[PDB]
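To start, the structure under review is shown below, and the notes come after it.
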Amino acid sequence: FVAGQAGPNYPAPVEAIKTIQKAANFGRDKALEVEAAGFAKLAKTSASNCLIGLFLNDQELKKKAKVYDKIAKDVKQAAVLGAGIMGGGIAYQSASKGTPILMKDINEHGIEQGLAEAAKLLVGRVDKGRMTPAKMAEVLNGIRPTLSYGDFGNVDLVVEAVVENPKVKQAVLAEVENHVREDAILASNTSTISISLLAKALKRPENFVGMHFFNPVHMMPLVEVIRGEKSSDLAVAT
Amino acid sequence: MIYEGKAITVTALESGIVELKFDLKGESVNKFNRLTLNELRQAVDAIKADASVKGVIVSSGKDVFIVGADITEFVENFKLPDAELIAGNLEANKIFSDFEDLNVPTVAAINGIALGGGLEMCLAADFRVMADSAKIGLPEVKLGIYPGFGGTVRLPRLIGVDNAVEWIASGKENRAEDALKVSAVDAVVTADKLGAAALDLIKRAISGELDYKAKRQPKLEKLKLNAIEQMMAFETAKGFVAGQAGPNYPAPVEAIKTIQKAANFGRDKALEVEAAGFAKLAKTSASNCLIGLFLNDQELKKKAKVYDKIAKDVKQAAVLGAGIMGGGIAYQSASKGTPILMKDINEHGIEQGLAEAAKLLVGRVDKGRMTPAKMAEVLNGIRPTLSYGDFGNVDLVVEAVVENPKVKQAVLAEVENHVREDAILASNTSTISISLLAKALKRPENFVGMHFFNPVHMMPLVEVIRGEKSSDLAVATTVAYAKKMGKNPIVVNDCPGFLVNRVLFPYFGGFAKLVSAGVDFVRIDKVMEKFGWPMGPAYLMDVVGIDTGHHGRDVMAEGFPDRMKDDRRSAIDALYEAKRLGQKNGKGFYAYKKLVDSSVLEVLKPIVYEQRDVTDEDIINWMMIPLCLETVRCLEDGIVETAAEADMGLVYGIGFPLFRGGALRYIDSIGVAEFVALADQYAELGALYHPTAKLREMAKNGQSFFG
Ligand SMILES: CC(=O)SCCNC(=O)CCNC(=O)[C@H](O)C(C)(C)COP(=O)(O)OP(=O)(O)OC[C@H]1O[C@@H](n2cnc3c(N)ncnc32)[C@H](O)[C@@H]1OP(=O)(O)O
Ligand SMILES: NC(=O)c1ccc[n+]([C@@H]2O[C@H](COP(=O)([O-])OP(=O)(O)OC[C@H]3O[C@@H](n4cnc5c(N)ncnc54)[C@H](O)[C@@H]3O)[C@@H](O)[C@H]2O)c1
Ligand SMILES: NC(=O)c1ccc[n+]([C@@H]2O[C@H](COP(=O)([O-])OP(=O)(O)OC[C@H]3O[C@@H](n4cnc5c(N)ncnc54)[C@H](O)[C@@H]3O)[C@@H](O)[C@H]2O)c1
Ligand SMILES: [Zn+2]
């Protein structure tokens with residue numbers, strides 16, 4: 001079982017079993033020997049000191065994280081532009097993690113797509129006992145559809161997920177900037193367009209940064225925070 | 001063809017099999033009227049006489065199999081003398097019984113709905129194949145009667161005693177799935193392969209494969225249950241049903257006694273026990289009273305189609321203010337497939353709405369009654385907001401702001417500048433005049449009233465208050481939208497208290513005078529509950545909350561001084577001033593969950609003027625007389641168009657006892673004339689008990705409301 005799921009590249013799991021399989025008729029002491037026997041071997045393997053390397057990296061990431069939170073302004077009200085594929089995802093994630101978010105779009109059909117995926121996921125969870133119907137309520141209620149900018153009055157950060165079009169994004173971002181606080185951060189989930197380029201269309205580029213998510217937004221652990229040429233340390237920390 | 005009627009055609013098929021199809025020419029359904037029966041009689045005689053027939057199939061050429069007969073004919077039949085009615089049903093049953101005795105395998109091809117007689121017809125045949133979408137049930141008890149065409153005879157011998165009682169006492173429609181699980185139907189198929197399944201089964205029955213003679217036998221002999229098991233199964237059925245149906249509804253229980261008696265008889269004798277009670281019930285005051293409710297419904301639907309002619313459907317609704325009423329209207333709208341915006345001023349408000357929306361939806365799925373996915377559609381339908389950016393395409397806006405003339409007049413006036421000029425604006429107000437709030441708008445033609453009752457997800461009524469400037473369209477759209485929210489709307493011209501509330505206060509006044517006359521209120525409602533009301537007058541005062549009843553009073557006073565204004569302090573003032581707000585405050589007439597505490601006797605002491613003794617019947621009159629009279633006034637003044645409307649306005653909103661038909665039909669029951677007289681005996685109580693001039697008149701011309 002283990003081997004068929006862990007993979008040939010990870011010895012630890014399987015070796016743990018062999019260690020137990022071996023000292024299956026021994027007392028404490030003898031059993032301990034079989035333990036250190038393999039423990040010593042593993043500690044030297046290329047897999048071990050490599051994974052241990054991942055953790056050592058994590059430590060740096062968290063070390064460099066505390067420095068960010070020093071000036072990072074927490075987000076109590078987020079907003080995403082454009083539902084559907086990326087929209088429903090960012091919206092889902094945001095709400096699923098206790099952060100209300102507006103799902104703005106142009107046509108009702110768009111928002112329908114977003115609200116659709118939001119369901120499937122939340123549904124599938126509770127459908128698997130992994131989630132509580134009540135919790136699912138908190139999530140769905142967190143997501144708030146819209147086609148206007150009336151409620152953007154107190155949005156702290158806006159993640160633009162419009163179509164991959166320099167012309168279009170430059171207009172959207174420029175428009176939204178006139179419906180939020182002047183200290184509100186604006187993000188761009190763009191993947192092929194230069195953030196530093198999209199930032200010249202705005203009036204307050206200091207607050208414009210890039211927030212790149214990977215499809216599907218609810219499966220990929222990375223989120224590239226693209227720091228534009230004018231992106232302030234705070235605009236990024238947030 | 002073997003036979004060709006106007007409702008039944010016996011066409012011959014292969015292998016000597018024959019198909020008897022119900023296709024009533026000219027109508028849209030199938031029902032057992034005089035013709036239908038008389039023809040089936042002939043149809044059978046044709047088959048029975050045709051020595052070539054080897055198999056019979058019973059089909060339907062309509063969307064439904066066979067539904068119930070026109071409620072009209074019912075009224076007629078139950079008017080006939082007992083000996084005639086029974087003699088009429090005996091002949092009708094023989095038609096079926098004969099078809100049941102055919103020396104040929106018979107199969108009922110249930111394609112669609114089969115209610116009452118429609119189902120009773122199938123129960124006659126040997127086997128039965130039903131479509132997966134079809135439904136079958138015995139909705140007799142809803143008319144104050146029970147299966148009359150051998151229903152209470154065959155069903156118990158087919159699906160079992162416990163199930164037969166569970167099916168009849170409830171009159172619920174049963175789906176295909178559960179229909180086969182209890183063996184009411186032998187096989188289930190799809191609409192397209194139904195005809196095939198039937199034809200196939202028959203052949204097997206004819207071939208001797210299936211012992212059709214042995215399958216029929218069961219419903220020709222006594223029940224299978226033991227002697228102990230009968231008593232066990234029956235005495236419990238009686239105890240259960242009665243403990244839930246109530247003493248006022250005989251049908252349910254009588255259905256059981258009918259089965260309990262013919263528990264050792266064959267078909268014929270069992271049929272007798274059936275008609276025996278059926279004849280009695282048809283004559284009870286409950287029957288022709290419930291049947292009256294249905295007759296009223298018919299009018300409501302006839303006046304409904306006229307509304308839909310010009311009513312603009314609502315694809316995008318909007319409610320102002322979340323919380324209690326907000327979360328409800330929002331819940332309902334979305335729960336019935338109609339998106340709605342939940343606008344408010346502060347995030348906390350919307351937090352309230354979204355909260356209740358959960359509890360409900362949650363509780364539903366939490367008991368398998370709802371699908372998590374379904375709950376998703378609902379929640380996503382509700383869309384919170386604090387601005388008017390998305391109101392650009394809202395068709396109807398229901399304002400549920402605070403009960404404040406000043407406030408509503410500002411809100412409504414504001415919203416009107418954020419919606420289409422052909423968008424209807426409603427007001428869930430309860431104490432403020434719609435015609436008054438309409439003067440604040442710029443397009444009052446589109447402003448109407450849409451009154452919901454708390455809780456918005458439990459009350460079936462929705463008063464559509466037509467302001468003085470409300471256009472027929474502005475109203476038609478409202479009604480349609482109310483009907484689509486699974487509610488039963490009733491148009492009521494603007495007036496203090498509208499219909500329901502306006503009629504409920506006099507009822508409360510009669511309650512005030514009783515208590516102020518040294519009458520134990522605990523004894524009062526214990527009588528009104530015995531009468532038919534869900535909750536007694538006292539207990540109700542707690543439910544609504546004295547704090548509310550006090551306000552509601554002052555409003556009606558200014559509305560109708562000539563009779564709704566009292567100079568003495570009622571038991572209300574006592575409880576109100578004593579700060580006993582009711583069930584919501586834990587203390588009111590009762591203590592809260594429903595308990596009696598002597599600490600109240602003291603508070604009401606100052607109100608008890610005379611220690612006037614009174615009988616149980618008088619009590620009922622001190623209450624019902626005012627209510628009925630006021631119900632009439634609302635009709636006379638034109639507050640409500642028809643009698644059926646003003647009567648249903650209670651059955652739905654006030655919870656008027658069903659077996660009594662309604663406030664108005666209660667008069668027609670006692671006697672318009674005898675009512676006036678009875679009302680005069682209490683004339684000394686107040687202008688509230690003074691019959692109207694128009695009443696005394698029709699009371700003399702032998703006229704009657706529904707008569
Ligand atoms: C004072 C103020 O300011 S106002 C505050 C108002 N609050 C209140 O009045 C208190 C709340 N009241 C209640 O909760 C009451 O119990 C109410 C309102 C729910 C009572 O309503 P009901 O009488 O249940 O309405 P109901 O659904 O029975 O209507 C009759 C329907 O039931 C059907 N029916 C009758 N008997 C049966 C039966 N045995 N089985 C199934 N259906 C039946 C009828 O055929 C009819 O259907 P139809 O209209 O299609 O023909
Ligand atoms: N290939 C992928 O799936 C993928 C992977 C990574 C990143 N991305 C990024 O996702 C973004 C594209 O998102 P998508 O997958 O939903 O594209 P899409 O074409 O599937 O959907 C576009 C959505 O944006 C809405 N929209 C368009 N113009 C708008 C406007 N002015 N205001 C508001 N809403 C508007 C549309 O109505 C629609 O709902 C791009 O930035 C792209 O780089 C996509
Ligand atoms: N007693 C009852 O429970 C009852 C019974 C029947 C009908 N009603 C009717 O219901 C209405 C009252 O509703 P309620 O019970 O929710 O009152 P409530 O006091 O419980 O709640 C008021 C809600 O309205 C919101 N609100 C206030 N001003 C607003 C504005 N300008 N715009 C948007 N939202 C605003 C508040 O934020 C809050 O969410 C009245 O018209 C009343 O006649 C009440
Ligand atoms: Zn007072």
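Ordering of the structure tokens sets the chain letters (A, B, ...); residue numbers start at 1 within each chain; ligands are numbered from 1 in the order shown.
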
Kindly provide, as number ranges by chain, the residues of chain A having any atom no farther than 12 Å from an atom of chain B, counting only C-alpha atoms. A: 77, 100-108, 111-129, 131-154

Within 10 Å of ligand 3, which residues show up when you count only C-alpha atoms and all ligand atoms? List them as a PyMOL selection string, please. chain B and resi 319-328+342-353+385-387+399-405+407-412+414-415+427-432+451-456+543-545+547-549

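Excluding residue A:89 and any residue on its chain fewer than 3 positions from it, the residues at most 9 Å away by only C-alpha atoms are residues 83, 84, 85, 86, 92, 93, 94, 114, 117, 118, 215, 216, 217 and 218 of chain A.
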
Residues of the last selection are to be written out with N, CA and C atoms, as a tab-separated table (two decimals), in the first residue's frame.
chain	number	residue	atom	x	y	z
A	83	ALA	N	-16.14	36.90	-12.93
A	83	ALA	CA	-16.42	35.58	-12.37
A	83	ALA	C	-15.91	34.47	-13.28
A	84	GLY	N	-16.50	33.28	-13.15
A	84	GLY	CA	-16.10	32.16	-13.98
A	84	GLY	C	-14.90	31.38	-13.48
A	85	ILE	N	-14.07	30.93	-14.42
A	85	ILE	CA	-12.87	30.15	-14.11
A	85	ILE	C	-12.08	30.71	-12.94
A	86	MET	N	-11.28	31.74	-13.22
A	86	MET	CA	-10.46	32.35	-12.18
A	86	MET	C	-11.30	33.07	-11.13
A	92	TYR	N	-14.02	31.84	-4.27
A	92	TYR	CA	-14.15	30.68	-3.41
A	92	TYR	C	-13.09	30.72	-2.32
A	93	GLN	N	-11.83	30.71	-2.73
A	93	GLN	CA	-10.72	30.74	-1.78
A	93	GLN	C	-10.86	31.84	-0.73
A	94	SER	N	-11.01	33.08	-1.19
A	94	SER	CA	-11.14	34.21	-0.27
A	94	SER	C	-12.17	33.94	0.81
A	114	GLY	N	-19.41	31.86	-11.90
A	114	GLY	CA	-18.71	31.93	-10.63
A	114	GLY	C	-19.46	31.18	-9.54
A	117	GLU	N	-19.28	27.24	-9.73
A	117	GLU	CA	-18.13	26.52	-9.20
A	117	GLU	C	-18.09	26.60	-7.68
A	118	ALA	N	-18.40	27.77	-7.15
A	118	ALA	CA	-18.40	27.96	-5.71
A	118	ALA	C	-19.21	26.85	-5.05
A	215	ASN	N	-4.18	28.06	-12.14
A	215	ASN	CA	-5.38	27.28	-12.40
A	215	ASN	C	-5.16	25.80	-12.08
A	216	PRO	N	-6.02	25.20	-11.24
A	216	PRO	CA	-7.19	25.80	-10.58
A	216	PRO	C	-6.77	26.58	-9.34
A	217	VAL	N	-7.42	27.71	-9.11
A	217	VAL	CA	-7.11	28.56	-7.97
A	217	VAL	C	-7.24	27.86	-6.62
A	218	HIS	N	-7.97	26.75	-6.58
A	218	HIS	CA	-8.17	26.02	-5.33
A	218	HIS	C	-7.29	24.78	-5.19

Would you mind listing what lies within 10 Å of residue B:569 as a list in words, with only C-alpha atoms counted and same-chain residues fewer than 2 positions away left out? residues 512, 516, 566, 567, 571, 572, 573, 574, 606, 607 and 608 of chain B

Those residues with N, CA, C and O atoms, as a short mmCIF file (atom, residue, chain, number, x, y, z; two decimals), in the first residue's frame please?
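Full text of out22.cif as output:
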data_model
loop_
_atom_site.label_atom_id
_atom_site.label_comp_id
_atom_site.auth_asym_id
_atom_site.auth_seq_id
_atom_site.Cartn_x
_atom_site.Cartn_y
_atom_site.Cartn_z
N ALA B 512 -61.72 41.15 25.19
CA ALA B 512 -61.47 42.15 26.23
C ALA B 512 -62.67 42.27 27.15
O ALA B 512 -62.53 42.27 28.37
N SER B 516 -63.01 41.53 31.06
CA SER B 516 -63.45 42.68 31.84
C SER B 516 -64.81 42.40 32.46
O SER B 516 -65.38 43.27 33.13
N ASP B 566 -62.83 52.19 22.88
CA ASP B 566 -63.37 51.94 24.21
C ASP B 566 -62.84 52.97 25.20
O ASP B 566 -61.65 53.31 25.18
N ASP B 567 -63.72 53.46 26.07
CA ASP B 567 -63.35 54.45 27.07
C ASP B 567 -62.75 53.85 28.35
O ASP B 567 -62.11 54.55 29.14
N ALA B 571 -58.07 44.60 29.49
CA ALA B 571 -57.08 43.71 30.08
C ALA B 571 -55.74 43.91 29.39
O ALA B 571 -54.70 43.51 29.91
N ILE B 572 -55.77 44.53 28.21
CA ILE B 572 -54.56 44.79 27.45
C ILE B 572 -53.75 45.85 28.19
O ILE B 572 -52.62 45.61 28.61
N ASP B 573 -54.35 47.03 28.34
CA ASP B 573 -53.71 48.13 29.04
C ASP B 573 -53.08 47.61 30.32
O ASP B 573 -51.95 47.95 30.65
N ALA B 574 -53.82 46.77 31.03
CA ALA B 574 -53.34 46.19 32.28
C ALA B 574 -52.01 45.48 32.07
O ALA B 574 -51.01 45.83 32.68
N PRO B 606 -57.83 45.12 38.29
CA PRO B 606 -58.35 46.47 38.07
C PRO B 606 -59.32 46.58 36.89
O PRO B 606 -60.14 47.50 36.82
N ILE B 607 -59.22 45.63 35.96
CA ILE B 607 -60.06 45.63 34.77
C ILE B 607 -61.41 44.96 34.97
O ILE B 607 -62.42 45.40 34.45
N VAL B 608 -61.41 43.87 35.73
CA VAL B 608 -62.63 43.14 36.00
C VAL B 608 -63.66 44.04 36.67
O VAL B 608 -63.59 44.29 37.88
#

List the spatial neighbours of stretch 210-212 of chain A as an MDAnalysis selection string - criterion: any atom at most 9 Å away, only C-alpha atoms, same-chain residues fewer than 4 positions off excluded. chainID A and resid 159:160 186:191 195 222:228 231 236

Writer output for current selection, N, CA, C and O atoms, as a PDB file, in the first residue's frame:
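Generated file (again.pdb):
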ATOM      1  N   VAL A 159      -8.656  42.297  -6.642  1.00  0.00           N
ATOM      2  CA  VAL A 159      -7.949  41.389  -7.544  1.00  0.00           C
ATOM      3  C   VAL A 159      -8.651  41.345  -8.898  1.00  0.00           C
ATOM      4  O   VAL A 159      -9.733  40.772  -9.022  1.00  0.00           O
ATOM      5  N   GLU A 160      -8.029  41.941  -9.910  1.00  0.00           N
ATOM      6  CA  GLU A 160      -8.590  41.973 -11.258  1.00  0.00           C
ATOM      7  C   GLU A 160      -8.322  40.680 -12.029  1.00  0.00           C
ATOM      8  O   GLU A 160      -7.169  40.328 -12.283  1.00  0.00           O
ATOM      9  N   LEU A 186      -4.655  47.419  -5.520  1.00  0.00           N
ATOM     10  CA  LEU A 186      -5.219  46.836  -6.727  1.00  0.00           C
ATOM     11  C   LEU A 186      -4.264  45.782  -7.281  1.00  0.00           C
ATOM     12  O   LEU A 186      -3.098  46.069  -7.546  1.00  0.00           O
ATOM     13  N   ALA A 187      -4.761  44.562  -7.450  1.00  0.00           N
ATOM     14  CA  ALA A 187      -3.946  43.469  -7.961  1.00  0.00           C
ATOM     15  C   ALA A 187      -4.367  43.053  -9.369  1.00  0.00           C
ATOM     16  O   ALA A 187      -5.471  43.362  -9.817  1.00  0.00           O
ATOM     17  N   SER A 188      -3.476  42.349 -10.059  1.00  0.00           N
ATOM     18  CA  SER A 188      -3.739  41.876 -11.412  1.00  0.00           C
ATOM     19  C   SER A 188      -3.294  40.420 -11.546  1.00  0.00           C
ATOM     20  O   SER A 188      -2.109  40.107 -11.439  1.00  0.00           O
ATOM     21  N   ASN A 189      -4.251  39.529 -11.777  1.00  0.00           N
ATOM     22  CA  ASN A 189      -3.941  38.112 -11.913  1.00  0.00           C
ATOM     23  C   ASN A 189      -3.342  37.801 -13.278  1.00  0.00           C
ATOM     24  O   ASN A 189      -3.272  36.643 -13.679  1.00  0.00           O
ATOM     25  N   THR A 190      -2.899  38.833 -13.987  1.00  0.00           N
ATOM     26  CA  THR A 190      -2.324  38.645 -15.315  1.00  0.00           C
ATOM     27  C   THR A 190      -1.201  37.615 -15.321  1.00  0.00           C
ATOM     28  O   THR A 190      -0.572  37.365 -14.290  1.00  0.00           O
ATOM     29  N   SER A 191      -0.958  37.028 -16.493  1.00  0.00           N
ATOM     30  CA  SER A 191       0.081  36.012 -16.661  1.00  0.00           C
ATOM     31  C   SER A 191       1.042  36.322 -17.808  1.00  0.00           C
ATOM     32  O   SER A 191       2.177  35.851 -17.812  1.00  0.00           O
ATOM     33  N   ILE A 195       3.068  43.967 -15.474  1.00  0.00           N
ATOM     34  CA  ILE A 195       2.405  44.730 -14.422  1.00  0.00           C
ATOM     35  C   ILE A 195       2.878  46.180 -14.488  1.00  0.00           C
ATOM     36  O   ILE A 195       2.070  47.111 -14.460  1.00  0.00           O
ATOM     37  N   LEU A 222       1.012  28.056  -4.842  1.00  0.00           N
ATOM     38  CA  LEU A 222       1.764  29.287  -5.095  1.00  0.00           C
ATOM     39  C   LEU A 222       0.925  30.464  -5.556  1.00  0.00           C
ATOM     40  O   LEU A 222      -0.113  30.303  -6.192  1.00  0.00           O
ATOM     41  N   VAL A 223       1.407  31.652  -5.217  1.00  0.00           N
ATOM     42  CA  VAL A 223       0.759  32.906  -5.563  1.00  0.00           C
ATOM     43  C   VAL A 223       1.865  33.930  -5.783  1.00  0.00           C
ATOM     44  O   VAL A 223       2.343  34.553  -4.832  1.00  0.00           O
ATOM     45  N   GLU A 224       2.284  34.091  -7.035  1.00  0.00           N
ATOM     46  CA  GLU A 224       3.350  35.031  -7.358  1.00  0.00           C
ATOM     47  C   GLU A 224       2.918  36.467  -7.137  1.00  0.00           C
ATOM     48  O   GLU A 224       1.994  36.950  -7.783  1.00  0.00           O
ATOM     49  N   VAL A 225       3.584  37.144  -6.209  1.00  0.00           N
ATOM     50  CA  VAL A 225       3.283  38.538  -5.918  1.00  0.00           C
ATOM     51  C   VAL A 225       4.231  39.385  -6.756  1.00  0.00           C
ATOM     52  O   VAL A 225       5.342  39.698  -6.326  1.00  0.00           O
ATOM     53  N   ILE A 226       3.793  39.746  -7.955  1.00  0.00           N
ATOM     54  CA  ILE A 226       4.611  40.542  -8.855  1.00  0.00           C
ATOM     55  C   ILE A 226       4.702  41.993  -8.420  1.00  0.00           C
ATOM     56  O   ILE A 226       3.708  42.715  -8.408  1.00  0.00           O
ATOM     57  N   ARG A 227       5.916  42.406  -8.065  1.00  0.00           N
ATOM     58  CA  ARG A 227       6.188  43.765  -7.621  1.00  0.00           C
ATOM     59  C   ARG A 227       6.555  44.654  -8.796  1.00  0.00           C
ATOM     60  O   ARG A 227       7.670  44.575  -9.317  1.00  0.00           O
ATOM     61  N   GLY A 228       5.608  45.493  -9.210  1.00  0.00           N
ATOM     62  CA  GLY A 228       5.840  46.401 -10.319  1.00  0.00           C
ATOM     63  C   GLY A 228       6.914  47.419  -9.989  1.00  0.00           C
ATOM     64  O   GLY A 228       7.286  47.580  -8.825  1.00  0.00           O
ATOM     65  N   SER A 231       5.495  49.579  -7.455  1.00  0.00           N
ATOM     66  CA  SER A 231       4.851  48.933  -6.317  1.00  0.00           C
ATOM     67  C   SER A 231       5.572  49.226  -5.012  1.00  0.00           C
ATOM     68  O   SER A 231       6.758  48.934  -4.873  1.00  0.00           O
ATOM     69  N   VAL A 236       2.837  45.582  -1.531  1.00  0.00           N
ATOM     70  CA  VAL A 236       3.212  44.183  -1.687  1.00  0.00           C
ATOM     71  C   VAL A 236       2.967  43.396  -0.406  1.00  0.00           C
ATOM     72  O   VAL A 236       2.425  42.295  -0.441  1.00  0.00           O
TER      73      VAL A 236
END

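Closest approach to residue A:176 among A:197, A:55, A:203, A:21 is made by A:203 (distances from only C-alpha atoms).
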
From a DSSP pass on the backbone, collect the residues of stretch 164-340 of chain B flagged as alpha helix (DSSP H) and hand them back as JSON, numbers by chain. {"B": [164, 165, 166, 167, 168, 176, 177, 178, 179, 180, 181, 194, 195, 196, 197, 198, 199, 200, 201, 202, 203, 204, 205, 206, 212, 213, 214, 215, 216, 227, 228, 229, 230, 231, 232, 233, 234, 235, 236, 237, 238, 239, 240, 241, 242, 243, 244, 245, 250, 251, 252, 253, 254, 255, 256, 257, 258, 259, 260, 261, 267, 268, 269, 270, 271, 272, 273, 274, 275, 276, 277, 278, 279, 280, 281, 282, 283, 287, 288, 289, 290, 291, 292, 293, 294, 295, 296, 297, 298, 299, 300, 301, 302, 303, 304, 305, 306, 307, 308, 323, 324, 325, 326, 327, 328, 329, 330, 331, 332, 333, 334, 335]}

Can I get the selected residues back with C-alpha atoms, as a compact mmCIF listing (two decimals), in the first residue's frame?
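What ended up in out_18.txt:
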# COMPACT_ATOMS: atom_id res chain seq x y z
CA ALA B 164 -54.39 1.79 3.97
CA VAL B 165 -55.13 3.99 6.99
CA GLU B 166 -51.95 6.00 6.42
CA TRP B 167 -52.97 6.57 2.79
CA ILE B 168 -56.64 7.39 3.38
CA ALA B 176 -44.32 5.90 -8.10
CA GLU B 177 -41.36 4.96 -5.92
CA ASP B 178 -43.35 4.67 -2.69
CA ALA B 179 -46.33 3.27 -4.62
CA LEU B 180 -44.46 0.08 -5.48
CA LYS B 181 -42.76 -0.16 -2.07
CA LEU B 194 -45.72 1.80 -20.32
CA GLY B 195 -48.03 0.53 -23.04
CA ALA B 196 -45.51 -2.18 -23.74
CA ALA B 197 -45.22 -3.29 -20.11
CA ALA B 198 -48.99 -3.52 -19.80
CA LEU B 199 -49.55 -5.47 -23.00
CA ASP B 200 -46.70 -7.80 -22.03
CA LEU B 201 -47.94 -8.49 -18.49
CA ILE B 202 -51.43 -9.28 -19.80
CA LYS B 203 -50.13 -11.94 -22.16
CA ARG B 204 -48.30 -13.57 -19.26
CA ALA B 205 -51.48 -13.41 -17.18
CA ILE B 206 -53.42 -15.01 -20.03
CA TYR B 212 -54.29 -13.49 -11.93
CA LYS B 213 -57.17 -15.35 -10.25
CA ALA B 214 -55.08 -15.77 -7.11
CA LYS B 215 -53.97 -12.14 -7.10
CA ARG B 216 -57.55 -10.88 -7.18
CA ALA B 227 -57.74 -11.01 15.98
CA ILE B 228 -55.15 -9.55 18.35
CA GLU B 229 -53.32 -7.86 15.50
CA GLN B 230 -56.53 -6.23 14.27
CA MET B 231 -57.29 -4.65 17.63
CA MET B 232 -53.61 -3.76 17.97
CA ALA B 233 -53.38 -2.21 14.50
CA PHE B 234 -56.78 -0.52 14.71
CA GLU B 235 -56.96 0.88 18.26
CA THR B 236 -53.57 2.48 17.64
CA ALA B 237 -54.63 3.89 14.29
CA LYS B 238 -57.64 5.46 15.97
CA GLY B 239 -55.54 6.76 18.85
CA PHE B 240 -52.94 8.22 16.50
CA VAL B 241 -55.21 9.75 13.86
CA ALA B 242 -57.62 11.22 16.40
CA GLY B 243 -54.76 12.63 18.44
CA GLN B 244 -53.57 14.56 15.39
CA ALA B 245 -56.68 15.18 13.29
CA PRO B 250 -64.79 12.83 11.74
CA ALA B 251 -63.78 11.57 8.29
CA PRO B 252 -60.26 10.39 9.26
CA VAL B 253 -61.35 8.38 12.31
CA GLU B 254 -64.55 7.09 10.67
CA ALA B 255 -62.41 5.75 7.84
CA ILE B 256 -60.66 3.57 10.41
CA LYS B 257 -63.87 2.39 12.06
CA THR B 258 -65.19 1.45 8.62
CA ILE B 259 -62.13 -0.74 8.06
CA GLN B 260 -62.14 -2.04 11.63
CA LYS B 261 -65.71 -3.22 11.26
CA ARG B 267 -66.22 -7.55 -0.68
CA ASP B 268 -69.96 -6.91 -0.71
CA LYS B 269 -70.49 -6.71 3.05
CA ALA B 270 -67.33 -4.62 3.32
CA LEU B 271 -68.73 -2.24 0.72
CA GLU B 272 -71.84 -1.78 2.85
CA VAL B 273 -69.83 -0.71 5.88
CA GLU B 274 -68.19 1.73 3.48
CA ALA B 275 -71.32 3.45 2.17
CA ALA B 276 -72.79 3.25 5.67
CA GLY B 277 -70.41 5.89 6.95
CA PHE B 278 -69.87 7.65 3.63
CA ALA B 279 -73.58 8.48 3.63
CA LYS B 280 -73.38 9.84 7.17
CA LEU B 281 -70.29 11.97 6.54
CA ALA B 282 -71.66 13.54 3.36
CA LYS B 283 -74.38 15.00 5.59
CA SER B 287 -68.23 18.00 4.85
CA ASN B 288 -70.37 20.55 3.02
CA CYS B 289 -68.26 23.16 4.80
CA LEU B 290 -64.86 21.96 3.60
CA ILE B 291 -66.42 21.36 0.21
CA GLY B 292 -67.25 25.03 0.53
CA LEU B 293 -63.59 25.87 0.92
CA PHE B 294 -62.86 24.06 -2.31
CA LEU B 295 -65.72 25.85 -4.07
CA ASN B 296 -64.13 29.09 -2.91
CA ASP B 297 -60.73 28.00 -4.17
CA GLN B 298 -62.27 27.52 -7.61
CA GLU B 299 -63.37 31.15 -7.65
CA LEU B 300 -59.93 32.28 -6.49
CA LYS B 301 -58.29 30.47 -9.41
CA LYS B 302 -60.90 31.74 -11.86
CA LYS B 303 -60.11 35.27 -10.71
CA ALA B 304 -56.43 34.33 -10.89
CA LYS B 305 -56.30 33.60 -14.61
CA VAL B 306 -57.76 37.07 -15.16
CA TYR B 307 -54.82 38.50 -13.24
CA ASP B 308 -52.15 36.61 -15.20
CA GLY B 323 -33.53 40.65 9.52
CA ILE B 324 -36.92 39.33 10.63
CA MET B 325 -39.12 40.18 7.64
CA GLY B 326 -36.19 40.78 5.31
CA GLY B 327 -34.58 37.38 5.70
CA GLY B 328 -38.01 35.88 5.24
CA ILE B 329 -39.10 37.64 2.06
CA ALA B 330 -35.56 37.08 0.77
CA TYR B 331 -35.65 33.41 1.73
CA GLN B 332 -39.07 32.84 0.17
CA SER B 333 -38.34 34.68 -3.07
CA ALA B 334 -35.12 32.74 -3.69
CA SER B 335 -36.53 29.45 -2.39
